[PDB]
Amino acid sequence: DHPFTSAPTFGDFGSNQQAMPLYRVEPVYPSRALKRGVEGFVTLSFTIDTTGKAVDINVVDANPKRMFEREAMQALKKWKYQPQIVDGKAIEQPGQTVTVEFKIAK
């Protein structure tokens, strides 16, 4: 592919087993919290309906204070999941949780 002239910034990775959509492979990083300096985390417990619908958005734990929790919350919602059962990520899971550490840019 020959997209518009651009390049990546930093490196990212996700070892933890969480439910990731097909439009947002990762949570939307904030602007202020990014320049802050703290590296909290985002833990949201939601259920993926068999029809590929992410609902019951309920946070269990996150940053030490209003930082990346907002974006993480709104993200899980705005996110879009498709009902496609494939080796690794399937559907129908009333107990799906996504926990990822937020590291400030270098």
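Miscellaneous remarks
- With contributions of -39500 (n - 2.57) from each DSSP H run of at least four residues, the per-residue ellipticity at 222 nm computed over the chain stands at -3500 deg cm²/dmol.
- Cα shape, the chain, gyration tensor, a/c 1.5 rule: oblate
- The amide H of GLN18, built 1.01 Å from its N in the peptide plane, has no neighbour under 5 Å, considering only residues 5 or more places off or on other chains.
- Per-residue ³J(HN,Hα) for the range 79-87, Karplus 6.51 cos²θ - 1.76 cosθ + 1.60, θ = phi - 60°, Hz, x for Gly and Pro: 3, 10, 10, 9, x, 10, 7, 9, 3
- Taking amide H as placed 1.01 Å from N in the peptide plane, the amide H of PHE68 sits under 5 Å from that of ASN63, each at least 5 places away or on another chain.
- Inter-label distance, nm, simple model (7 Å from Cα along the C-beta direction), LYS53/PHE4: 3.5
- Peptides ranked, highest mean first, by Cβ atoms within 10 Å: ranges 44-51, 30-37, 69-76, 83-90: 69-76, 44-51, 30-37, 83-90
- In order through the range 10-27: 3J(HN,Hα) via Karplus (6.51 cos²θ - 1.76 cosθ + 1.60), integer Hz, x for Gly, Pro: 10, x, 10, 6, x, 7, 3, 8, 10, 8, 10, x, 10, 10, 10, 5, 8, x
- Net length gained if the chain between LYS89 and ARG36 were fully extended (0.36 nm per residue, minus Cα distance): 15.7 nm
- Dipole axis of the chain (+1 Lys, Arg; -1 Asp, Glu on Cβ), positive-most option in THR9, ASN58, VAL25: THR9
- Charge dipole (debye, nearest 20) of the chain; +1 at Cβ of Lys and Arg, -1 at Cβ of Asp and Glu: 560
All Cβ positions, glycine included, derive from the backbone under ideal geometry; neighbour counts span all protein chains shown. Any read-out appearing in this document is the output of simple, stated calculations on the displayed coordinates, not a laboratory observation.
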